[PDB]
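Protein chains in written order, with the working numbering: chain A, 4 to 340; chain B, 2 to 413; chain C, 692 to 1117.
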Amino acid sequence: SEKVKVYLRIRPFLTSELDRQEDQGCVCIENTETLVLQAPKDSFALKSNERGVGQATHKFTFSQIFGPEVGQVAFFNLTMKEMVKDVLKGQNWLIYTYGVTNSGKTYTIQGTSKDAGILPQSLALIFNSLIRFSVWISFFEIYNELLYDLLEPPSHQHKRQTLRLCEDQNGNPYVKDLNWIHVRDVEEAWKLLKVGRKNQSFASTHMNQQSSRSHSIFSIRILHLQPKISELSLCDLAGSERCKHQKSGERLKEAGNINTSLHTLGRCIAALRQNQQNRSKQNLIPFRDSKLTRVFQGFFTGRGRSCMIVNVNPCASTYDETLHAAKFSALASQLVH
Amino acid sequence: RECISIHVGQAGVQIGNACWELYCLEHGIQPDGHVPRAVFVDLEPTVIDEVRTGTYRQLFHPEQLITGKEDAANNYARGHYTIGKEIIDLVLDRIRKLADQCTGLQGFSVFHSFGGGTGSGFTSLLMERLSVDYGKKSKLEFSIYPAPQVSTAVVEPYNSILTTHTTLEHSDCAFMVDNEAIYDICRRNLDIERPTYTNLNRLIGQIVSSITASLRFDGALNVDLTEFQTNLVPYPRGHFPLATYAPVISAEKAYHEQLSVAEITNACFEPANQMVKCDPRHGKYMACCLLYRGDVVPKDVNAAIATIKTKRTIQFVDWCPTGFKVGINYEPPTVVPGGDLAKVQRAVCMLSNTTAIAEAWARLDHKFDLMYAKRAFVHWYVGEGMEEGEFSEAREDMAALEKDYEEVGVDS
Amino acid sequence: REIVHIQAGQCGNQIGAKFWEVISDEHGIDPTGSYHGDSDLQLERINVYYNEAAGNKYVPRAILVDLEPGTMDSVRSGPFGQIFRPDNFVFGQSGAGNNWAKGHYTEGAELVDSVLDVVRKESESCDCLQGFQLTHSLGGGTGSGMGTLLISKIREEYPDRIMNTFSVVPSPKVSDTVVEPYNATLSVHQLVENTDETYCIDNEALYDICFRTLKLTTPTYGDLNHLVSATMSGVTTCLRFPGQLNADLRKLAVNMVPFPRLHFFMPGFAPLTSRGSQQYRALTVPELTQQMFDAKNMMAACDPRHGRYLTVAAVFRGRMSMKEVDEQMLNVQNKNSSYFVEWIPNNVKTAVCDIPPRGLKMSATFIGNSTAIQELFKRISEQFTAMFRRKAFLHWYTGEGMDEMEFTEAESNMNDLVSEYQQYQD
Ligand SMILES: CC(=O)O[C@H]1C(=O)[C@@]2(C)[C@H]([C@H](OC(=O)c3ccccc3)[C@]3(O)C[C@H](OC(=O)[C@H](O)[C@@H](NC(=O)c4ccccc4)c4ccccc4)C(C)=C1C3(C)C)[C@]1(OC(C)=O)CO[C@@H]1C[C@@H]2O
Ligand SMILES: Nc1nc2c(ncn2[C@@H]2O[C@H](COP(=O)(O)OP(=O)(O)OP(=O)(O)O)[C@@H](O)[C@H]2O)c(=O)[nH]1
Ligand SMILES: Nc1nc2c(ncn2[C@@H]2O[C@H](COP(=O)(O)OP(=O)(O)O)[C@@H](O)[C@H]2O)c(=O)[nH]1
Ligand SMILES: Nc1ncnc2c1ncn2[C@@H]1O[C@H](COP(=O)(O)OP(=O)(O)O)[C@@H](O)[C@H]1O
Ligand code: ALF
Ligand SMILES: [Mg+2]
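Set out below in structure tokens:
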């Protein structure tokens, strides 16, 4: 079972970000496993001096933490090598990125051309890790709580339609109505990622232009007969945002949908951690409440080893959202697979 | 010197028509008489339209009547973020054009009903953008806080804990009138089991006429709006004082009208006449503004108050020697031609800040908490551009106001 | 805030025809006539359920979907039946089999495309759309089946607007069909994951309440239906009028549904006195609360007293004092504190309109969201499994292109729904 593998990483302050406002020393590093926090701010929470952003100290506990200096390569070293091995083993594996807006989650997931992300790195590792093999890829995005298939050919207007989330003979929920392409080589997968980018919804925010409207789920299933079935899924969730105050319109709706969906994961984990403590005859699991939670049910409650990537923003304004995210990860760490 | 008024929310708009009615009644301004100085904003057409259909239809300008055909939503979130945002723009524009058109204004009298949709949300963002565009003015809001046990909305508390967090840090002085405690007044101090909203509104519409209206009118002891916030709030915190009316006698049952000052003033401190279920169970007064109007002798007053100050049962806070603002107006009260109010030639509209609110807040905090513990209708807020932040960061927030009214008082 | 009614299936059509028979009367709208309205207030909100075209022909904005000619060919050939625009008639001469799968996958699936077209034409009417009304029966093909598709599409084309659903759940004691529990379990599944406000009506609870609260010796369907139509107008339509304390779908929902599942309600009328004799006129207010909050008088089969309450929505409509109402509601919440949930300080949500039902002085729609409705999903699940185990009339489903794990899905879902309801029933 083991506790969920969790790693915490922070992104370096951008030059433009630093220019806008320069408050550093919020996150400090003590030991590779743990993080120490002292955050500065314009003002502290108005109350008796307690947990404020003004000047306060906090402790973070994680498997490993990454500094602003190094990118995906460091993640590739520890995480990419071992996580891919489990999938080859036939064990189910799933990794997703969570964090507040401007945390650079797309950076971790996709990565830049110069610095390949978790997905491109893992793709390389699977070949190294790799008897008859059969492999297929599924790519889809969830926008406004509606699903679209990235595999779909580029067109002016196109809708995949709602995802057929129906539980089959197997107790665990499975996603259907997804187009699948055989994975001959890494490049084929990369090409799917590239074409998927166009299909995937994109938008710009005050925080960052890169901002992804929809959550991205990349799933690759390998069937190997010396047939063992293993599923590796890499998810790129969109983060939470203050931009709601800054912008309105369709952008407001997208944010509202994401913030509701993100919350469902949080409520689920909260119930899950509680379930960990309580023996029985207690609170039910919120998987049924939201579609996202339902799909994730296998990840949280059922089969498959899970690892999580948490991105943190050193910004003081974001501190309340980031603290909640950290709290979420801390709570998640409590329960076991 | 002037002052504008912003009636937001179904209730706040309904009460507005009432409070604004009494005005004209004592100003000789018939239905189609000058141009007012307030506005009505709500996300419910049917209610704002009621002012376009009912009385004083043409007494208002369709420009000071903002409406949002969309959805009202009995929830802060929607009214604040999603929808409310769309409307804010237009609203602000009006309260910026009318604030200019005048000559040296004094502030914006906000009228909202805490546990509402447009009353919670809307106001929240209005006061925010106001405190920045007109930080150098007075922000006195007359609110109608959730009935202690006879509430209406199921979410009610939630909508009031989110509006409190934003008003605390933006408003100067927010007057509060307990909706429930108004029925009591109609039962014990009027005798009538048939009080419609349009009746309850007449009460507030009366006390308020003594606040702005008559006060803005010359007298033997004029009292500016600034005076209030200054002498009523001891700390930057948007302190919420209580509104009270004195001559609340029925113009049918009893008939004792002729009630010398000393008595009409004493009827203000009695818990069965304080327009608020905040019974002086311990709440020590810290500043009171006895606004009189009508035939009142400055000496008669400076005696009736003295006797009270030495009544001991009105125990004032320690760090406060004298907290009695004597406000003397000229024009006597003005009872509706055929309402239910006696009609005396003098009144005592006493308002004050009392650590008593420690109660009222607690009872509303607990409520919220109880529900929050299971998240209940939280998903209804989240899906309107919100998060656990606004909640958790406003729960702990108000908490330091429950501790504040405890620390700043109860201790010598 | 506009809306678009939907009369899915045979039942849903029959009942629909009665709902419009009623509603029209509460807006003075004659068959082909214009606005004869006794007043002028019954016009300030017509838009919500009608359409502006000529100037004397305000056509109801509803949809008539059914794979059985006879139905649509009987409703359009009668009284107010000649008010619906031909475009609204979305019929399907195919085989109207009483199979959920046959009206959702094989026969229903074709006419669906021809539905979306109209549902989009009507939504883009005018003003701002609020939500859609859906009526149907959980004991037939075009009702449970065709109705289960319409929602899955509607709630995907407009995940913003709300979705009210009036379902005529399979009565226990006697089932008016044989596959009934199948068509039910299968339709409830999609409902609990689409619609956000469901009013379960019980064909047998109607009889009862119409045989004891109404000296009616011959309770015809038309009658039964009429009672429903009287209650469903109090919900929506009513709130679309002025009032001391007015409400609307949004307020109503965001105040009655604590958990995203959807939750099921229970419609109840207030003044339910027989014509002649019974006319006591006792409608001061305490008499209304006595009625509504009683066991009998609740359109559901199960009795509220057999399960806590979560929320309540008192939609009053008659000139009254905000004191004798708000107070009473409280007293009741204290007299029956036992079953009324504790983790919620103010379960009841008081609403008070002004204008009453034409010839009546004062009424009050009752919408209770009690966990007592468990004793309904349980029933269904029982009857279901009991025949499912032996695959009774399962071949009639599969043969129309279905899945044997689909039935499992439905059961499971609805069964889990039971779990939740109990987690807050204690
Ligand atoms: C002389 C007089 O006062 O007659 C009353 C009457 O006798 C009673 C018995 C009515 C009568 O209702 C029934 O007998 C009834 C028949 C089938 C199903 C349900 C009820 C009445 O038919 C019903 C009718 O209701 C209305 O007019 C409302 O506006 C109502 N309308 C309809 O249901 C309707 C009926 C036919 C055609 C179009 C509309 C309504 C209620 C809620 C929301 C919208 C509309 C009323 C007051 C009466 C009669 C005429 C005898 C009662 O019902 C209602 C819904 O008001 C039954 O108990 C109440 C008490 C009433 O006093
Ligand atoms: N005194 C008084 N109280 C009122 C009046 N109308 C409503 N209230 C109270 O104010 C609250 C009702 O707020 P709502 O009418 O539901 O909502 P709103 O604040 O207008 O805004 P929305 O929720 O978006 O409709 C309840 O606590 C009522 O008891 C009124 O005319 N007078
Ligand atoms: N109240 C009510 N129930 C009805 C009516 N017609 C059929 N029903 C109920 O609906 C169920 C049968 O489904 P049906 O409407 O024939 O299905 P469909 O026509 O194939 O969609 C039975 O439980 C009936 O009691 C009606 O006019 N009023
Ligand atoms: N570890 C990091 N080091 C350097 N830049 C990063 C890092 N993480 C994110 N960024 C940058 O931050 C920006 C926003 O990151 P992004 O992944 O797109 O956001 P989100 O977390 O919402 O998915 C991008 O310009 C990205 O290159
Ligand atoms: F790209 Al982001 F939230 F801005 F996921
Ligand atoms: Mg309103």
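Using N, Cα and C, we set each Cβ at its ideal position, and we do this for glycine too.
C-alpha gap between residue i and residue j, whole angstroms
i: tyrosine 146 (chain B); j: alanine 252 (chain B); result: 28 Å
i: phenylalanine 69 (chain A); j: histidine 795 (chain C); result: 52 Å
i: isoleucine 232 (chain A); j: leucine 97 (chain A); result: 14 Å
i: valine 869 (chain C); j: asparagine 790 (chain C); result: 11 Å
i: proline 289 (chain A); j: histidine 954 (chain C); result: 15 Å
i: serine 835 (chain C); j: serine 1072 (chain C); result: 16 Å
i: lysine 256 (chain A); j: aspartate 914 (chain C); result: 45 Å
i: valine 945 (chain C); j: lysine 197 (chain A); result: 42 Å
i: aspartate 192 (chain B); j: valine 277 (chain B); result: 18 Å
i: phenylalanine 205 (chain A); j: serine 215 (chain A); result: 5 Å
Min CB distance residue i to chain B below 8 Å
i: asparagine 1038 (chain C); result: yes
heavy atom of ligand 2 below 7 Å from residue i C-beta
i: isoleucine 145 (chain B); result: yes
i: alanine 12 (chain B); result: yes
Contact with chain A by residue i, beta-carbon distance below 8 Å
i: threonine 83 (chain B); result: yes
i: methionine 1096 (chain C); result: yes
i: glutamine 1114 (chain C); result: yes
i: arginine 376 (chain B); result: yes
Closer than 7 Å: residue i CB and nearest ligand 5 heavy atom
i: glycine 324 (chain B); result: no
i: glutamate 407 (chain B); result: no
i: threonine 263 (chain A); result: no
i: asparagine 790 (chain C); result: no
Chain C within 8 Å of residue i, Cβ atoms only
i: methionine 276 (chain B); result: no
i: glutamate 144 (chain A); result: no
i: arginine 224 (chain A); result: no
i: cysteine 271 (chain A); result: no
i: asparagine 175 (chain A); result: no
i: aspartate 72 (chain B); result: yes
i: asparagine 80 (chain A); result: no
8 Å Cβ cut-off: residues of chain E touching residue i
i: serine 214 (chain A); result: Of the protein chains in the structure, A, B and C, none is chain E.
Whole-number beta carbon distance between residue j and residue i, since they are thought to touch under 8 Å
i: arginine 163 (chain A); j: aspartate 152 (chain A); result: 4 Å
i: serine 211 (chain B); j: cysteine 289 (chain B); result: About 14 Å; that fails the 8 Å criterion.
i: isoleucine 16 (chain B); j: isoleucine 96 (chain B); result: Not a contact, Cβ separation roughly 19 Å.
i: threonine 304 (chain A); j: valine 315 (chain A); result: The pair is not a contact, with the Cβ atoms about 27 Å apart (cut-off 8 Å).
i: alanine 119 (chain A); j: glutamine 67 (chain A); result: Wrong, their Cβ atoms sit about 19 Å apart, outside the cutoff.
i: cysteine 269 (chain B); j: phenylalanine 229 (chain B); result: The pair is not a contact, with the Cβ atoms about 17 Å apart (cut-off 8 Å).
i: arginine 347 (chain B); j: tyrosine 293 (chain B); result: 7 Å
i: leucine 60 (chain B); j: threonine 335 (chain B); result: About 17 Å separates the two Cβ atoms, so there is no contact after all.
i: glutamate 385 (chain B); j: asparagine 76 (chain B); result: 7 Å
Distance cut-off 7 Å: residue i Cβ against heavy atoms of ligand 1
i: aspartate 101 (chain B); result: no
Residue i CB to nearest heavy atom of ligand 4 below 7 Å
i: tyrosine 1030 (chain C); result: no
i: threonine 109 (chain A); result: yes
i: residue 341 (chain A); result: Residue numbering for chain A in the displayed model covers 4 to 340; residue 341 (chain A) lies beyond these limits and cannot be assessed.
Cβ-heavy atom distance, residue i to ligand 3, below 7 Å
i: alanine 787 (chain C); result: yes
N- and C-terminal bounds of the alpha helix (DSSP H) containing residue i
i: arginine 941 (chain C); result: 940-944
First through last residue of the beta strand (DSSP E) which encompasses residue i
i: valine 9 (chain A); result: 8-13
i: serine 141 (chain A); result: 135-146
i: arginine 308 (chain A); result: 308-315
Any non-hydrogen atom of ligand 7 closer than 7 Å to residue i Cβ
i: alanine 944 (chain C); result: You won't find ligand 7 in this model; what it holds is ligand 1, ligand 2, ligand 3, ligand 4, ligand 5 and ligand 6.
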